[PDB]
Amino acid sequence: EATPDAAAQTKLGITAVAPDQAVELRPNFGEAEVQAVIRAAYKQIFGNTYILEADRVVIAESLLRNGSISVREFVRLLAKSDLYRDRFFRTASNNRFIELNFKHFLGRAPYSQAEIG
Amino acid sequence: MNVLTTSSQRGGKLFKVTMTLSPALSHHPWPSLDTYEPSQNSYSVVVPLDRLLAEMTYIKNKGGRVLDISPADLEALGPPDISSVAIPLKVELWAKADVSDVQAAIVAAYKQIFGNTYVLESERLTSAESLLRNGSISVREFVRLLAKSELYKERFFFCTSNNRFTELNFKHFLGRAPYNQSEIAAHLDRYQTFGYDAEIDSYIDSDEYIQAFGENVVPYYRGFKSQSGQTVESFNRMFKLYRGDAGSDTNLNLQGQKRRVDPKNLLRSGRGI
Ligand SMILES: *[C@H](C)[C@H]1/C(=C/c2[nH]c(/C=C3N=C(/C=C4\NC(=O)C(CC)=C4C)C(C)=C\3CCC(=O)O)c(CCC(=O)O)c2C)NC(=O)[C@@H]1C
Ligand SMILES: *[C@H](C)[C@H]1/C(=C/c2[nH]c(/C=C3N=C(/C=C4\NC(=O)C(CC)=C4C)C(C)=C\3CCC(=O)O)c(CCC(=O)O)c2C)NC(=O)[C@@H]1C
Ligand SMILES: *[C@H](C)[C@H]1/C(=C/c2[nH]c(/C=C3N=C(/C=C4\NC(=O)C(CC)=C4C)C(C)=C\3CCC(=O)O)c(CCC(=O)O)c2C)NC(=O)[C@@H]1C
């Protein structure tokens with residue numbers, strides 16, 4: 001009984017995310033390069049939910065251009081957003097919130113009940 | 001680097017932190033040994049006061065080490081205004097100077113020679129002042145006396161390094177900042193054999209001194225305006241050596257005497273030795 005390599009991935013539809021491409025902001029970044037990190041960050045950090053024009057956070061991503069803040073600081077600004085609160089936390093229970101924060105902030109899920117506590 | 005906000009949305013004094021980055025602290029998502037981006041050997045972050053303790057411990061627990069911390073409010077301040085030093089002003093001590101004119105020179109000399117640094121009534125030199133105003137001493141010669149004086153040595157030369165003392169000297173005796181690593185090296189060697197007096201003598205004696213404010217002109221700030229044979233970077237170094245009006249050269253302040261001009265910056269303008 002034979003399986004193509006990457007059969008395990010294609011079942012479970014983890015094919016896209018299994019090995020996952022990293023996006024890095026680089027020095028003297030171009031205008032298109034930054035746009036791509038933003039695009040990525042909003043997809044991971046936010047949930048794969050839809051960010052409409054109104055939703056976007058102008059001030060945080062302006063600082064990301066001109067290197068005032070790093071991407072780690074960009075992520076922190078995104079995470080403390082009416083928008084992040086409105087989705088995620090305000091409707092969720094603390095168990096569902098903490099489990100969501102693991103994932104968006106770090107790809108893993110929570111390893112144990114202690115971590116939740 | 002520039003900081004764009006003094007305070008966080010929640011009230012909190014931001015503080016710029018500068019570290020030497022380490023592979024652990026940030027690394028490329030690449031195969032092979034982790035490397036920090038070369039351009040960010042010295043990384044800077046602005047953190048609120050609350051996260052400052054945690055931020056710094058983490059940096060240090062990795063191989064990071066902290067280059068310096070500075071309040072964001074002092075940072076993200078205008079480069080000093082050059083208004084007063086763009087055109088120095090200049091003082092000439094005529095022969096047959098009346099009482100007031102001599103006084104003005106004296107004041108001006110103490111200002112330039114000592115930096116903003118204050119000279120108390122007891123510190124002030126009657127003898128040297130005496131000589132000026134019955135003739136006998138040139139403004140140039142008075143200036144030599146001041147740099148010979150202990151007052152000068154105690155502030156500039158006895159606290160800081162000879163490396164620092166040289167540029168400190170340059171600025172006081174010549175408006176210019178130092179150009180090139182060579183000047184710093186020459187002065188140091190002069191000092192080792194000839195001693196302190198000969199070094200002081202070599203700035204007043206130098207033709208650059210003579211060409212500008214040669215005799216009977218109180219020294220003024222030549223730097224901040226374009227001078228012959230001056231490296232372009234020297235102009236930038238003048239902004240480091242001269243911080244605002246009401247900023248001084250002070251042994252008094254914490255770790256008072258340090259180097260305004262980094263050694264590396266000097267190397268850029270010229271190397272050879
Ligand atoms: C339009 C023809 C019909 C329609 C669609 C519809 N979809 C939503 C909301 C979502 N749709 C998706 C779907 C996707 N995410 C993806 O990445 C992909 C492609 C890989 C799809 C197709 C998602 C995730 C959402 C949620 C968006 C969010 O997170 O905010 C709606 C809106 C429902 C809502 O209340 O948000 C609608 C209307 N529905 C119709 O009636 C049309 C027939
Ligand atoms: C080899 C010919 C010479 C040599 C190299 C050498 N390099 C290091 C350490 C580092 N080298 C770099 C270089 C880069 N990082 C980058 O990201 C890039 C490209 C974008 C370069 C070119 C960096 C940043 C480091 C320091 C941190 C790191 O390890 O990534 C060493 C070791 C220094 C140490 O003590 O760690 C060495 C030996 N040095 C030699 O001996 C050769 C002459
Ligand atoms: C008095 C209200 C408070 C105080 C003051 C204080 N200042 C110093 C030392 C200096 N302060 C200045 C001030 C200025 N320099 C300028 O040129 C101007 C505007 C043109 C000002 C106002 C300077 C130059 C110095 C440094 C030189 C020197 O100290 O001789 C001190 C002395 C510091 C020391 O430790 O010796 C003090 C005490 N401090 C207080 O206690 C009051 C709250």
# chains A, B, ... in the order shown; residues from 1 in each chain; ligands from 1

$ interface_residues --of "chain B" --to "chain A" --cutoff "9 Å" --atoms "only C-alpha atoms" --output "list in words"
residues 1, 2, 3, 4, 28, 29, 37, 39, 40, 45 and 46 of chain B

$ write_last_selection --atoms "C-alpha atoms" --output "PDB file, in the first residue's frame"
ATOM      1  CA  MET B   1      17.009  56.913  16.009  1.00  0.00           C
ATOM      2  CA  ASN B   2      14.056  59.305  16.064  1.00  0.00           C
ATOM      3  CA  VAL B   3      11.218  58.375  18.411  1.00  0.00           C
ATOM      4  CA  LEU B   4       7.767  59.413  17.185  1.00  0.00           C
ATOM      5  CA  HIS B  28      16.937  35.041   9.943  1.00  0.00           C
ATOM      6  CA  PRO B  29      14.435  32.248   9.142  1.00  0.00           C
ATOM      7  CA  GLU B  37      20.874  41.152  10.252  1.00  0.00           C
ATOM      8  CA  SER B  39      22.657  46.333   9.764  1.00  0.00           C
ATOM      9  CA  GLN B  40      21.065  45.918  13.196  1.00  0.00           C
ATOM     10  CA  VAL B  45      13.610  49.844  20.948  1.00  0.00           C
ATOM     11  CA  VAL B  46      11.244  52.282  22.659  1.00  0.00           C
TER      12      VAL B  46
END

$ residues_near_ligand --ligand "ligand 2" --cutoff "10 Å" --atoms "only C-alpha atoms and all ligand atoms" --output "NGL selection string"
:B and (21-24 or 26-28 or 33-41)

$ write_last_selection --atoms "C-alpha atoms" --output "tab-separated table (two decimals), in the first residue's frame"
chain	number	residue	atom	x	y	z
B	21	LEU	CA	21.85	42.33	19.17
B	22	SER	CA	22.72	38.62	19.45
B	23	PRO	CA	21.78	35.68	17.14
B	24	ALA	CA	19.42	34.37	19.81
B	26	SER	CA	16.80	37.91	16.41
B	27	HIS	CA	17.78	35.49	13.63
B	28	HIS	CA	16.94	35.04	9.94
B	33	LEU	CA	23.73	28.94	11.65
B	34	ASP	CA	21.44	31.74	12.82
B	35	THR	CA	22.63	35.25	11.94
B	36	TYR	CA	21.26	38.62	13.07
B	37	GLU	CA	20.87	41.15	10.25
B	38	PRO	CA	24.28	42.93	10.10
B	39	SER	CA	22.66	46.33	9.76
B	40	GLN	CA	21.06	45.92	13.20
B	41	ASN	CA	24.22	45.15	15.19

$ residues_near_ligand --ligand "ligand 3" --cutoff "6 Å" --atoms "only C-alpha atoms and all ligand atoms" --output "list in words"
residues 116, 117, 118, 246, 247, 248, 250 and 252 of chain B

$ write_last_selection --atoms "N, CA, C and O atoms" --output "mmCIF file, in the first residue's frame"
data_model
loop_
_atom_site.group_PDB
_atom_site.id
_atom_site.type_symbol
_atom_site.label_atom_id
_atom_site.label_comp_id
_atom_site.auth_asym_id
_atom_site.auth_seq_id
_atom_site.Cartn_x
_atom_site.Cartn_y
_atom_site.Cartn_z
ATOM 1 N N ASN B 116 30.243 76.796 28.647
ATOM 2 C CA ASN B 116 29.253 77.456 29.474
ATOM 3 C C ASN B 116 29.702 77.396 30.931
ATOM 4 O O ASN B 116 29.224 78.182 31.745
ATOM 5 N N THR B 117 30.604 76.457 31.263
ATOM 6 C CA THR B 117 30.937 76.162 32.647
ATOM 7 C C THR B 117 31.132 77.453 33.429
ATOM 8 O O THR B 117 31.797 78.369 32.945
ATOM 9 N N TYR B 118 30.566 77.501 34.642
ATOM 10 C CA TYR B 118 30.595 78.717 35.432
ATOM 11 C C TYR B 118 31.909 78.822 36.177
ATOM 12 O O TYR B 118 32.395 77.832 36.716
ATOM 13 N N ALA B 246 23.530 76.933 26.963
ATOM 14 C CA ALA B 246 23.217 76.394 28.269
ATOM 15 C C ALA B 246 23.446 74.886 28.292
ATOM 16 O O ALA B 246 22.794 74.173 29.048
ATOM 17 N N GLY B 247 24.389 74.417 27.471
ATOM 18 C CA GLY B 247 24.981 73.111 27.665
ATOM 19 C C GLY B 247 26.487 73.279 27.767
ATOM 20 O O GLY B 247 27.060 74.022 26.976
ATOM 21 N N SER B 248 27.118 72.614 28.741
ATOM 22 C CA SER B 248 28.504 72.901 29.069
ATOM 23 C C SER B 248 29.366 71.652 29.023
ATOM 24 O O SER B 248 28.878 70.548 28.799
ATOM 25 N N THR B 250 31.258 69.683 31.634
ATOM 26 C CA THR B 250 31.197 69.692 33.079
ATOM 27 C C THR B 250 31.783 68.404 33.630
ATOM 28 O O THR B 250 31.262 67.322 33.364
ATOM 29 N N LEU B 252 31.397 68.017 36.628
ATOM 30 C CA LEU B 252 30.478 67.906 37.753
ATOM 31 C C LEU B 252 29.437 66.811 37.538
ATOM 32 O O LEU B 252 29.129 66.085 38.484
#

$ atom_distance --atom1 "atom CA of residue 7 of chain B" --atom2 "atom CA of residue 89 of chain A"
26.0 Å

$ closest_atom_pairs --of "chain A" --to "ligand 1" --cutoff "10 Å" --atoms "only C-alpha atoms and all ligand atoms" --output "tab-separated table"
residue	atom	partner	partner_atom_place_in_ligand_line	distance
A:43	CA	ligand 1	17 (O)	9.5
A:46	CA	ligand 1	29 (O)	9.4
A:47	CA	ligand 1	29 (O)	7.4
A:48	CA	ligand 1	29 (O)	6.3
A:49	CA	ligand 1	29 (O)	3.0
A:50	CA	ligand 1	28 (C)	4.3
A:51	CA	ligand 1	30 (O)	7.1
A:52	CA	ligand 1	30 (O)	8.5
A:87	CA	ligand 1	29 (O)	9.3

$ write_last_selection --atoms "N, CA, C and O atoms" --output "PDB file, in the first residue's frame"
ATOM      1  N   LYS A  43      -3.532  38.294   8.360  1.00  0.00           N
ATOM      2  CA  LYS A  43      -4.098  36.974   8.155  1.00  0.00           C
ATOM      3  C   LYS A  43      -3.804  36.047   9.330  1.00  0.00           C
ATOM      4  O   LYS A  43      -4.656  35.280   9.734  1.00  0.00           O
ATOM      5  N   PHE A  46      -4.724  38.539  13.146  1.00  0.00           N
ATOM      6  CA  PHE A  46      -6.171  38.570  13.192  1.00  0.00           C
ATOM      7  C   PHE A  46      -6.477  37.134  12.951  1.00  0.00           C
ATOM      8  O   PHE A  46      -5.554  36.356  12.881  1.00  0.00           O
ATOM      9  N   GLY A  47      -7.732  36.775  12.947  1.00  0.00           N
ATOM     10  CA  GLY A  47      -8.001  35.393  12.618  1.00  0.00           C
ATOM     11  C   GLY A  47      -8.026  35.354  11.112  1.00  0.00           C
ATOM     12  O   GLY A  47      -7.961  36.437  10.518  1.00  0.00           O
ATOM     13  N   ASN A  48      -8.177  34.206  10.469  1.00  0.00           N
ATOM     14  CA  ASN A  48      -8.389  34.319   9.034  1.00  0.00           C
ATOM     15  C   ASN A  48      -9.690  35.025   8.650  1.00  0.00           C
ATOM     16  O   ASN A  48     -10.157  34.877   7.533  1.00  0.00           O
ATOM     17  N   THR A  49     -10.236  35.803   9.582  1.00  0.00           N
ATOM     18  CA  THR A  49     -11.438  36.585   9.367  1.00  0.00           C
ATOM     19  C   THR A  49     -11.150  37.717   8.398  1.00  0.00           C
ATOM     20  O   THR A  49      -9.984  37.999   8.137  1.00  0.00           O
ATOM     21  N   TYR A  50     -12.197  38.395   7.923  1.00  0.00           N
ATOM     22  CA  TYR A  50     -12.055  39.368   6.846  1.00  0.00           C
ATOM     23  C   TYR A  50     -11.868  40.747   7.437  1.00  0.00           C
ATOM     24  O   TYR A  50     -12.724  41.220   8.174  1.00  0.00           O
ATOM     25  N   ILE A  51     -10.781  41.411   7.066  1.00  0.00           N
ATOM     26  CA  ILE A  51     -10.550  42.777   7.510  1.00  0.00           C
ATOM     27  C   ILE A  51     -11.049  43.683   6.396  1.00  0.00           C
ATOM     28  O   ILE A  51     -10.460  43.675   5.319  1.00  0.00           O
ATOM     29  N   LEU A  52     -12.130  44.424   6.645  1.00  0.00           N
ATOM     30  CA  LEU A  52     -12.665  45.369   5.667  1.00  0.00           C
ATOM     31  C   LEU A  52     -11.852  46.661   5.726  1.00  0.00           C
ATOM     32  O   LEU A  52     -11.087  46.848   6.666  1.00  0.00           O
ATOM     33  N   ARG A  87     -13.593  40.963  18.143  1.00  0.00           N
ATOM     34  CA  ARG A  87     -13.564  39.555  17.802  1.00  0.00           C
ATOM     35  C   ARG A  87     -12.771  38.885  18.903  1.00  0.00           C
ATOM     36  O   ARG A  87     -12.179  39.607  19.686  1.00  0.00           O
TER      37      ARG A  87
END

$ atom_distance --atom1 "atom CA of residue 153 of chain B" --atom2 "atom CA of residue 224 of chain B"
26.4 Å

$ residues_around --residues "segment 196-206 of chain B" --least-positions-apart "3" --cutoff "8 Å" --atoms "only C-alpha atoms" --output "JSON, numbers by chain"
{"B": [140, 144, 147, 148, 170, 173, 174, 187, 190, 191, 209, 210]}

$ write_last_selection --atoms "N, CA and C atoms" --output "JSON list (two decimals), in the first residue's frame"
[["chain", "number", "residue", "atom", "x", "y", "z"],
["B", 140, "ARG", "N", 45.52, 86.81, 23.17],
["B", 140, "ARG", "CA", 46.10, 85.51, 22.88],
["B", 140, "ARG", "C", 46.86, 84.98, 24.08],
["B", 144, "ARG", "N", 46.26, 81.70, 26.69],
["B", 144, "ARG", "CA", 47.27, 80.72, 27.09],
["B", 144, "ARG", "C", 47.25, 80.54, 28.61],
["B", 147, "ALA", "N", 44.39, 78.38, 29.92],
["B", 147, "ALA", "CA", 44.55, 76.96, 29.63],
["B", 147, "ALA", "C", 45.69, 76.35, 30.44],
["B", 148, "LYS", "N", 46.65, 77.17, 30.85],
["B", 148, "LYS", "CA", 47.68, 76.76, 31.79],
["B", 148, "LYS", "C", 47.08, 76.60, 33.18],
["B", 170, "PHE", "N", 40.42, 71.41, 21.29],
["B", 170, "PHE", "CA", 40.15, 71.91, 19.96],
["B", 170, "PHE", "C", 39.02, 72.93, 20.00],
["B", 173, "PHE", "N", 39.82, 76.31, 21.99],
["B", 173, "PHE", "CA", 40.87, 77.16, 21.44],
["B", 173, "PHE", "C", 40.58, 77.50, 19.99],
["B", 174, "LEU", "N", 40.00, 76.54, 19.28],
["B", 174, "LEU", "CA", 39.55, 76.75, 17.91],
["B", 174, "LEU", "C", 38.08, 76.39, 17.85],
["B", 187, "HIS", "N", 48.68, 64.95, 19.13],
["B", 187, "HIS", "CA", 48.57, 65.67, 20.38],
["B", 187, "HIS", "C", 48.95, 64.74, 21.52],
["B", 190, "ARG", "N", 52.65, 64.44, 21.70],
["B", 190, "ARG", "CA", 53.22, 65.69, 22.16],
["B", 190, "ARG", "C", 53.17, 65.69, 23.68],
["B", 191, "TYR", "N", 52.01, 65.33, 24.22],
["B", 191, "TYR", "CA", 51.76, 65.39, 25.66],
["B", 191, "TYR", "C", 52.71, 64.47, 26.43],
["B", 209, "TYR", "N", 45.04, 79.04, 14.53],
["B", 209, "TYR", "CA", 44.75, 80.03, 15.56],
["B", 209, "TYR", "C", 45.15, 81.42, 15.07],
["B", 210, "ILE", "N", 46.31, 81.52, 14.42],
["B", 210, "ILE", "CA", 46.85, 82.81, 14.02],
["B", 210, "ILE", "C", 46.01, 83.37, 12.88]]

$ atom_distance --atom1 "atom CA of residue 6 of chain B" --atom2 "atom CA of residue 244 of chain B"
20.6 Å

$ residues_around --residues "segment 254-267 of chain B" --least-positions-apart "6" --cutoff "12 Å" --atoms "only C-alpha atoms" --output "PDB file with C-alpha atoms, in the first residue's frame"
ATOM      1  CA  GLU B 154      40.807  70.387  36.977  1.00  0.00           C
ATOM      2  CA  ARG B 155      37.735  70.527  34.759  1.00  0.00           C
ATOM      3  CA  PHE B 156      38.937  69.337  31.377  1.00  0.00           C
ATOM      4  CA  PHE B 157      42.245  67.583  31.659  1.00  0.00           C
ATOM      5  CA  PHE B 158      42.444  65.916  35.108  1.00  0.00           C
ATOM      6  CA  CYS B 159      38.979  64.185  35.052  1.00  0.00           C
ATOM      7  CA  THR B 160      38.540  62.988  31.421  1.00  0.00           C
ATOM      8  CA  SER B 161      40.859  61.054  29.075  1.00  0.00           C
ATOM      9  CA  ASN B 162      43.607  62.726  27.003  1.00  0.00           C
ATOM     10  CA  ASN B 163      41.572  61.552  24.014  1.00  0.00           C
ATOM     11  CA  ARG B 164      38.640  63.616  25.312  1.00  0.00           C
ATOM     12  CA  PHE B 165      40.863  66.502  26.457  1.00  0.00           C
ATOM     13  CA  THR B 166      42.196  66.959  22.916  1.00  0.00           C
ATOM     14  CA  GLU B 167      38.828  67.583  21.293  1.00  0.00           C
ATOM     15  CA  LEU B 168      37.728  69.457  24.368  1.00  0.00           C
ATOM     16  CA  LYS B 171      36.692  73.348  20.553  1.00  0.00           C
ATOM     17  CA  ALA B 177      35.988  70.214  16.011  1.00  0.00           C
ATOM     18  CA  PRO B 178      38.870  67.723  15.401  1.00  0.00           C
ATOM     19  CA  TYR B 179      39.245  66.316  11.912  1.00  0.00           C
ATOM     20  CA  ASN B 180      40.858  62.880  11.535  1.00  0.00           C
ATOM     21  CA  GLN B 181      42.430  60.318  13.858  1.00  0.00           C
ATOM     22  CA  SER B 182      45.870  61.786  13.125  1.00  0.00           C
ATOM     23  CA  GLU B 183      45.283  65.058  14.988  1.00  0.00           C
ATOM     24  CA  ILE B 184      44.273  63.101  18.091  1.00  0.00           C
ATOM     25  CA  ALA B 185      47.388  60.899  17.799  1.00  0.00           C
ATOM     26  CA  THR B 231      36.330  67.185   6.552  1.00  0.00           C
ATOM     27  CA  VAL B 232      32.566  67.332   5.955  1.00  0.00           C
ATOM     28  CA  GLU B 233      31.998  65.001   8.917  1.00  0.00           C
ATOM     29  CA  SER B 234      33.787  67.460  11.231  1.00  0.00           C
ATOM     30  CA  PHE B 235      30.685  69.645  10.772  1.00  0.00           C
ATOM     31  CA  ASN B 236      28.522  66.792  12.105  1.00  0.00           C
ATOM     32  CA  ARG B 237      31.023  66.228  14.954  1.00  0.00           C
ATOM     33  CA  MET B 238      30.514  69.900  15.905  1.00  0.00           C
ATOM     34  CA  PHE B 239      26.890  69.098  16.642  1.00  0.00           C
ATOM     35  CA  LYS B 240      28.007  66.326  18.964  1.00  0.00           C
ATOM     36  CA  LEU B 241      30.691  68.469  20.659  1.00  0.00           C
ATOM     37  CA  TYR B 242      28.354  71.428  21.065  1.00  0.00           C
ATOM     38  CA  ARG B 243      24.969  70.712  22.599  1.00  0.00           C
ATOM     39  CA  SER B 248      28.504  72.901  29.069  1.00  0.00           C
ATOM     40  CA  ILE B 273      48.750  56.364  11.011  1.00  0.00           C
TER      41      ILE B 273
END

$ select_by_dssp --residues "chain A" --states "helix (DSSP H, G or I)" --output "number ranges by chain"
A: 7-10, 31-44, 53-55, 58-64, 71-79, 82-86, 88-90, 94-104, 113-116

$ write_last_selection --atoms "C-alpha atoms" --output "mmCIF file, in the first residue's frame"
data_model
loop_
_atom_site.group_PDB
_atom_site.id
_atom_site.type_symbol
_atom_site.label_atom_id
_atom_site.label_comp_id
_atom_site.auth_asym_id
_atom_site.auth_seq_id
_atom_site.Cartn_x
_atom_site.Cartn_y
_atom_site.Cartn_z
ATOM 1 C CA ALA A 7 -0.196 12.211 1.187
ATOM 2 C CA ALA A 8 -0.511 12.656 4.911
ATOM 3 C CA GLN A 9 -0.493 16.386 4.423
ATOM 4 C CA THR A 10 -3.053 16.305 1.550
ATOM 5 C CA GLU A 31 6.828 49.594 -0.565
ATOM 6 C CA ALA A 32 5.534 46.298 -1.923
ATOM 7 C CA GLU A 33 7.548 44.244 0.530
ATOM 8 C CA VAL A 34 5.994 45.992 3.554
ATOM 9 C CA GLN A 35 2.523 45.595 2.032
ATOM 10 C CA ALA A 36 3.138 41.846 2.029
ATOM 11 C CA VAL A 37 4.113 41.616 5.678
ATOM 12 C CA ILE A 38 1.046 43.611 6.605
ATOM 13 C CA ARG A 39 -1.081 41.282 4.455
ATOM 14 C CA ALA A 40 0.471 38.281 6.229
ATOM 15 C CA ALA A 41 0.190 39.650 9.720
ATOM 16 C CA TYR A 42 -3.463 40.463 9.430
ATOM 17 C CA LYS A 43 -4.098 36.974 8.155
ATOM 18 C CA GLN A 44 -2.274 35.224 10.977
ATOM 19 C CA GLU A 53 -11.282 48.811 4.709
ATOM 20 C CA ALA A 54 -12.735 50.320 7.918
ATOM 21 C CA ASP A 55 -11.159 47.567 10.012
ATOM 22 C CA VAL A 58 -3.751 53.077 9.896
ATOM 23 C CA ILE A 59 -1.535 54.384 12.694
ATOM 24 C CA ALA A 60 0.096 51.077 13.580
ATOM 25 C CA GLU A 61 1.087 50.249 10.028
ATOM 26 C CA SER A 62 2.365 53.745 9.400
ATOM 27 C CA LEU A 63 4.816 53.223 12.226
ATOM 28 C CA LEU A 64 5.816 49.896 10.687
ATOM 29 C CA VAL A 71 7.077 43.650 13.406
ATOM 30 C CA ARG A 72 7.000 42.178 16.892
ATOM 31 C CA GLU A 73 5.814 45.592 18.093
ATOM 32 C CA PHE A 74 3.445 45.764 15.159
ATOM 33 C CA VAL A 75 1.868 42.528 16.246
ATOM 34 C CA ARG A 76 1.479 43.789 19.771
ATOM 35 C CA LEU A 77 -0.351 46.870 18.499
ATOM 36 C CA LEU A 78 -2.651 44.677 16.442
ATOM 37 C CA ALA A 79 -3.366 42.450 19.384
ATOM 38 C CA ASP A 82 -10.745 47.375 19.513
ATOM 39 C CA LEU A 83 -10.769 45.047 16.528
ATOM 40 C CA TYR A 84 -8.895 42.203 18.160
ATOM 41 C CA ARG A 85 -10.935 42.616 21.365
ATOM 42 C CA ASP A 86 -14.220 42.874 19.509
ATOM 43 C CA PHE A 88 -11.871 37.004 20.055
ATOM 44 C CA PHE A 89 -12.055 38.347 23.640
ATOM 45 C CA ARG A 90 -15.276 40.292 24.152
ATOM 46 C CA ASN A 94 -11.409 33.037 28.911
ATOM 47 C CA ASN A 95 -10.784 29.452 27.914
ATOM 48 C CA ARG A 96 -11.673 30.095 24.299
ATOM 49 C CA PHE A 97 -9.708 33.363 24.323
ATOM 50 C CA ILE A 98 -6.496 31.910 25.757
ATOM 51 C CA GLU A 99 -6.702 28.972 23.329
ATOM 52 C CA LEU A 100 -7.161 31.436 20.412
ATOM 53 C CA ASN A 101 -4.202 33.573 21.571
ATOM 54 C CA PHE A 102 -2.056 30.442 21.342
ATOM 55 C CA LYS A 103 -2.267 29.854 17.565
ATOM 56 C CA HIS A 104 -2.374 33.449 16.379
ATOM 57 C CA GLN A 113 -4.160 22.557 31.355
ATOM 58 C CA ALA A 114 -1.525 24.340 33.424
ATOM 59 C CA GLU A 115 -0.714 26.725 30.601
ATOM 60 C CA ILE A 116 -4.355 27.681 30.469
#

$ closest_residue --among "B:19, B:99, B:77, B:86" --to "residue 57 of chain B" --atoms "only C-alpha atoms"
B:19

$ closest_residue --among "B:128, B:120, B:87, B:105" --to "residue 142 of chain B" --atoms "only C-alpha atoms"
B:128

$ residues_around --residues "residue 20 of chain B" --least-positions-apart "4" --cutoff "10 Å" --atoms "only C-alpha atoms" --output "number ranges by chain"
B: 25, 40-44, 59-60, 63-68

$ closest_residue --among "B:56, B:97, B:74, B:89" --to "residue 13 of chain B" --atoms "only C-alpha atoms"
B:74

$ decode --residues "segment 45-56 of chain B" --atoms "N, CA and C atoms" --output "PDB file, in the first residue's frame"
ATOM      1  N   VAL B  45      15.052  49.993  20.745  1.00  0.00           N
ATOM      2  CA  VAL B  45      13.610  49.844  20.948  1.00  0.00           C
ATOM      3  C   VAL B  45      13.111  50.945  21.871  1.00  0.00           C
ATOM      4  N   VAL B  46      11.864  51.370  21.700  1.00  0.00           N
ATOM      5  CA  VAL B  46      11.244  52.282  22.659  1.00  0.00           C
ATOM      6  C   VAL B  46      10.224  51.452  23.428  1.00  0.00           C
ATOM      7  N   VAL B  47      10.340  51.411  24.753  1.00  0.00           N
ATOM      8  CA  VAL B  47       9.476  50.555  25.562  1.00  0.00           C
ATOM      9  C   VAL B  47       8.799  51.445  26.592  1.00  0.00           C
ATOM     10  N   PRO B  48       7.561  51.155  27.036  1.00  0.00           N
ATOM     11  CA  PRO B  48       6.964  51.917  28.126  1.00  0.00           C
ATOM     12  C   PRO B  48       7.700  51.584  29.408  1.00  0.00           C
ATOM     13  N   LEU B  49       7.510  52.384  30.457  1.00  0.00           N
ATOM     14  CA  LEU B  49       8.254  52.158  31.696  1.00  0.00           C
ATOM     15  C   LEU B  49       7.926  50.773  32.251  1.00  0.00           C
ATOM     16  N   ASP B  50       6.668  50.349  32.123  1.00  0.00           N
ATOM     17  CA  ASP B  50       6.223  49.085  32.712  1.00  0.00           C
ATOM     18  C   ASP B  50       6.983  47.880  32.154  1.00  0.00           C
ATOM     19  N   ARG B  51       7.200  47.831  30.838  1.00  0.00           N
ATOM     20  CA  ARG B  51       7.809  46.647  30.240  1.00  0.00           C
ATOM     21  C   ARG B  51       9.327  46.761  30.255  1.00  0.00           C
ATOM     22  N   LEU B  52       9.858  47.891  30.716  1.00  0.00           N
ATOM     23  CA  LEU B  52      11.285  48.126  30.643  1.00  0.00           C
ATOM     24  C   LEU B  52      12.042  47.079  31.436  1.00  0.00           C
ATOM     25  N   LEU B  53      11.580  46.714  32.618  1.00  0.00           N
ATOM     26  CA  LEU B  53      12.362  45.796  33.427  1.00  0.00           C
ATOM     27  C   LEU B  53      12.461  44.442  32.750  1.00  0.00           C
ATOM     28  N   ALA B  54      11.321  43.963  32.268  1.00  0.00           N
ATOM     29  CA  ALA B  54      11.262  42.668  31.622  1.00  0.00           C
ATOM     30  C   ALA B  54      12.098  42.673  30.356  1.00  0.00           C
ATOM     31  N   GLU B  55      11.946  43.730  29.564  1.00  0.00           N
ATOM     32  CA  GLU B  55      12.657  43.840  28.311  1.00  0.00           C
ATOM     33  C   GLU B  55      14.153  43.726  28.546  1.00  0.00           C
ATOM     34  N   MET B  56      14.678  44.500  29.485  1.00  0.00           N
ATOM     35  CA  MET B  56      16.104  44.525  29.744  1.00  0.00           C
ATOM     36  C   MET B  56      16.631  43.213  30.300  1.00  0.00           C
TER      37      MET B  56
END
